[PDB]
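J.: My questions will all concern the structure given below.
Coordinate-derived values only; no laboratory data. Here the Cβ positions follow ideal geometry from the backbone for every residue, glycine too, while neighbour counts run over all protein chains shown.
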Amino acid sequence: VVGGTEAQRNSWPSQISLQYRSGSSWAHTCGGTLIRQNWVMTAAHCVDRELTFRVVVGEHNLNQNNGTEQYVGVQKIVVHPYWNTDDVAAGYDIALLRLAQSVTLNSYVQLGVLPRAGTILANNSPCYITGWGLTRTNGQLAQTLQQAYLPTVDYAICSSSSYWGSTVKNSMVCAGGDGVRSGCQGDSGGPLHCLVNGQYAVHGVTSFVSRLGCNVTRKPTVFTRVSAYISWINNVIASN
Ligand SMILES: [Ca+2]
């Protein structure tokens, strides 16, 4: 997250760190949202590689013991069947991970609240992106979880020529684009939390930014629109 502030430890308890095995250690690669005690919602593109993955819940600082972490292997990966790795702009950038164990809920570990199917937010709706992604374009991952206030940019504006044009689909949510704050590599798969009727819900799964850079004016961060996939999500959990 570029232009973020450090999140309080208990603000976003559904945020997870998706990590891969790298030699004798584990490396953060993406975010995710805990949606059942044994299911995580993330981006399809985060799990294209043939890697070994684990999920960390209750995580705050990737580089130090927080006293709150639970580490769990990934047992099954269900990518949206229409996902195509060579075409992120087509959408469908969403995947569900079944965890090998059910995690224990507490102040640091909670299920993310999902929007009702079909819900579209009004332009300029208040949202926060969270994650441990790069804190600058071509920079390095955050140690501590970051948040940044990224108001939505509706489809009409986001798909206009000076924004993302045809690249953005109505199955996506755009947010930010102020040239200061943005998601960035390593935030992919994580939540966009938006305040609606007094309650934050996870409206987006972080998907992509400009090839030009993370914080680029009129290139808001783009997220898979969770509310476009509620039936798909329910169907997968029901059948697995
Ligand atoms: Ca830690």
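J.: Please report, ordered by residue number, the strands (runs of 3 or more DSSP E) entirely within the range 1-71 with at least 3 residues that are at negative phi and away from the ligand (no atom under 14 Å from the Cβ). Write out each step before concluding.
T.: Values: elements: 15-22, 25-36, 39-42, 53-57.
It comes to 15-22, 25-36, 39-42.
J.: While we're here: Do we have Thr137 as over 30 Å from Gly213 (Cβ atoms) and part of a loop (DSSP other than H, G, I, E, B) here?
T.: Numbers: over 30 Å from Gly213 (Cβ atoms): no; part of a loop (DSSP other than H, G, I, E, B): yes.
Spelling it out, it is not the case that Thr137 is over 30 Å from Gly213 (Cβ atoms) and part of a loop (DSSP other than H, G, I, E, B).
J.: Checking the condition closer than 13 Å to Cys158 by Cβ and out of contact with any helix residue (DSSP H, G or I) (no Cβ under 6 Å at 6 or more places or on another chain), which residue from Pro220, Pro191 passes? Even if it seems obvious, please write down each step before you answer.
T.: Numbers: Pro191 fails: closer than 13 Å to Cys158 by Cβ.
One residue alone meets the criteria, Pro220.
J.: State yes or no: is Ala117 closer than 28 Å to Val236 by Cα and among the aliphatic types (A, V, I, L, M)? Walk me through how you get there before you give the answer.
T.: Numbers: closer than 28 Å to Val236 by Cα: yes; among the aliphatic types (A, V, I, L, M): yes.
So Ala117 fits the description; yes.
J.: May I pose another question? Pick from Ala89, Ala122: which is more than 16 Å from the ligand (Cβ to nearest atom), assigned to a helix (DSSP H, G or I) and surrounded by fewer than 20 Cβ atoms within 10 Å (Cβ to Cβ)?
T.: Working: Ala122 fails: assigned to a helix (DSSP H, G or I).
One residue alone meets the criteria, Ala89.
J.: State the number of residues belonging to the range 155-170 that are assigned to a loop (DSSP other than H, G, I, E, B) and either buried (at least 17 other Cβ atoms within 10 Å of the Cβ) or under 15 Å from the mean Cα position of the chain (by Cα) (or both).
T.: Pass one, the range 155-170, residues assigned to a loop (DSSP other than H, G, I, E, B): 159-164, 168-170.
The next check asks that each one be either buried (at least 17 other Cβ atoms within 10 Å of the Cβ) or under 15 Å from the mean Cα position of the chain (by Cα) (or both); those that pass are 159, 163-164, 168-169.
Final tally of qualifying residues: 5.
J.: Could you please give the count of residues in the range 17-34 that are under 15 Å from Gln75 (Cβ atoms) and of a type in the set (A, V, I, L, M)?
T.: Qualifying residue count for the region: 2.
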